[PDB]
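The opening position of the sequence shown corresponds to residue 4 in the authors' numbering, with each subsequent residue numbered one higher.
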Amino acid sequence: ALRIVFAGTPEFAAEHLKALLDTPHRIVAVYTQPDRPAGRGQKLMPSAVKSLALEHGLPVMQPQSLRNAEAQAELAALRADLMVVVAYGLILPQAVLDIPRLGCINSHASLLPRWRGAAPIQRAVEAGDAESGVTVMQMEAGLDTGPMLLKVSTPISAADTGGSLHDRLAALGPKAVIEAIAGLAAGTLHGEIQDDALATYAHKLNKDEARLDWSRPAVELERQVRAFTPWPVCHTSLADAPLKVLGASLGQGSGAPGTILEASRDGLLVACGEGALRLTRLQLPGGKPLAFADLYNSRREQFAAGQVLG
Numbered sequence: 004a005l006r007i008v009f010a011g012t013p014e015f016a017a018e019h020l021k022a023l024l025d026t027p028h029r030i031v032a033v034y035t036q037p038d039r040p041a042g043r044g045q046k047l048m049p050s051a052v053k054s055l056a057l058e059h060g061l062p063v064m065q066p067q068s069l070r071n072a073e074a075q076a077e078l079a080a081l082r083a084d085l086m087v088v089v090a091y092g093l094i095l096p097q098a099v100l101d102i103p104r105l106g107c108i109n110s111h112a113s114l115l116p117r118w119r120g121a122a123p124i125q126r127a128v129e130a131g132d133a134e135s136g137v138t139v140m141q142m143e144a145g146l147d148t149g150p151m152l153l154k155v156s157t158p159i160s161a162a163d164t165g166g167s168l169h170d171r172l173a174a175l176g177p178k179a180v181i182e183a184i185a186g187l188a189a190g191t192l193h194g195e196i197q198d199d200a201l202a203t204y205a206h207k208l209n210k211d212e213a214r215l216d217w218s219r220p221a222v223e224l225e226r227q228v229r230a231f232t233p234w235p236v237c238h239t240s241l242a243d244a245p246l247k248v249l250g251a252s253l254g255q256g257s258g259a260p261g262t263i264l265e266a267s268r269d270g271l272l273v274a275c276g277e278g279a280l281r282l283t284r285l286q287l288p289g290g291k292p293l294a295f296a297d298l299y300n301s302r303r304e305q306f307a308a309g310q311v312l313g
């Protein structure tokens, strides 16, 4: 058994810490992001990892950066054998990788070298990958470039969303990390070098990206809708009125991109750059998520065929 420091912020990360608590290792400290300011007022919100640490009596460290000598000294004094890093917002410089005896390992939500970076769950679904998973990697100075210690995969079905894949990777990752730690303490686990030629980058979601580009092929939009469920949710406009798109499936049709080809109980068929997309679940501003069928008997004429979205 080892002295471990855990560093992570969101619910995906907390599931890993929760699993380490039922192991024989000593969690000597829990690093997480400083509490973020809420949208209004002065309250500061605790991260998922922070809340779990408090509930288990663990010491909490919330430095703003690991690139100063004070935080590096405080970490070095913990006399850690290993650092487990899971969706931690902060950059670990070389000096911190050098502090624990076994370095720092990360639980990354993709099958590396695919989807290095910020948003591996959404992009993997968005890109039409057939499978994804979790990679336990030995952290290096580069961005998600380090050697791969252990991988576990899961397929991506035509029905999977970002959230459904998140829930599965949140189950595999914690078990995967515990197993890699055991091999690391036994000295029997060694990392596989990444092929840089096959590496892809899962860039963070930007401002305009969740707005639907109807000139794209319908296949792509159908994946985007799923990938952004439940966050950030795709949207488009109709008569300069916003409209969130929460459910869609492939349909059959051709026309100028964005044109309503048909409106029925089964959904709203919109022409794309290639093919058509049947929208089945929508949300209007200041309203509830509704099947289009519940909107069809109440918004019949508003979605009359021939209008164009955007």
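Even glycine gets a Cβ: it sits at the ideal position worked out from N, Cα and C.
- For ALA72, the uninterrupted alpha helix (DSSP H) run begins and ends at 72-79, by DSSP.
- Note: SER267 is bridge-paired with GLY270 in the DSSP secondary-structure output.
- DSSP places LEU20 inside the alpha helix (DSSP H), whose first and last residues are 14-24.
- Secondary structure at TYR299: helix, using DSSP grouped into helix, strand and coil.
- Just so you know, the alpha carbons of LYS21 and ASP38 end up roughly 20 angstroms apart.
- Here DSSP, grouped into helix, strand and coil, assigns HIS111 to strand.
- The DSSP-derived three-state label of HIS169 is helix.
- Check the Cα spacing between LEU95 and each of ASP84, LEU78, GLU195: the tightest is with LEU78.
- As the crow flies, the alpha-carbon of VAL228 is around 7 angstroms from that of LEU249.
- Collapsing the DSSP output to three states places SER252 in a strand.
- Annotation for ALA230: no beta strand (DSSP E) segment contains it, though the alpha helix (DSSP H) segment containing it runs 221-230.
- In this chain, the beta strand (DSSP E) harbouring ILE7 covers 6-11.
- Between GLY165 and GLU18, the C-beta spacing is not below 9 angstroms.
- Taking the Cα of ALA173 as reference, the smallest distance to any Cα among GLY11, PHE15, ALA4 is reached at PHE15.
- DSSP, reduced to helix, strand and coil, places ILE30 within a strand of the structure shown.
- The Cβ-Cβ distance between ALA294 and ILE263 does not fall below 9 angstroms.
- With contacts defined as CB atoms closer than 9 angstroms, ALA202 and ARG126 fail to qualify as a contacting pair.
- Apart from the 5 residues on each side of it in sequence, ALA221 sits with its Cβ closer than 7 angstroms to the Cβ of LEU253, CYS275, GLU277, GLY278, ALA279, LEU280 in its chain, given in chain order.
- Following the DSSP letters along the chain, one finds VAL88 in no alpha helix (DSSP H) but inside the beta strand (DSSP E) bounded by residues 85-89.
- Short of 7 angstroms from the beta carbon of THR138, and not among the five residues preceding or following it, lie these beta carbons of its own chain, in chain order: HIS111, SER113, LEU114, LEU115, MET151, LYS154.
- DSSP places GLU129 within a helical segment (H, G or I) once states are collapsed to three.
- With contacts defined by Cβ atoms closer than 9 angstroms, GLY11 and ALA90 form a contacting pair.
- Looking at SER301, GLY261, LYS53, the one whose alpha-carbon comes closest to that of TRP217 is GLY261.
- The residue among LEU187, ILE124, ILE181 with its C-alpha nearest the C-alpha of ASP170 is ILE124.
- Within the model, the alpha-carbon separation for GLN36 versus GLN310 is close to 47 angstroms.
- In this structure, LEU287 lies away from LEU271, with their beta-carbon atoms at least 9 angstroms apart.
- 9 angstroms or more divides the Cβ of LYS247 from the Cβ of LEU298.
- In this chain, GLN305 is not harboured by any beta strand (DSSP E), its DSSP state being neither H nor E.
- Going by DSSP, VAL139 is part of no alpha helix (DSSP H) but of the beta strand (DSSP E) stretching over 134-141.
- In its chain, beyond the 5 residues on either side, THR164, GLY165, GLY166 have a beta carbon closer than 8 angstroms to the beta carbon of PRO233.
- Shown here, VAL63 sits in a strand according to DSSP, grouped into three states.
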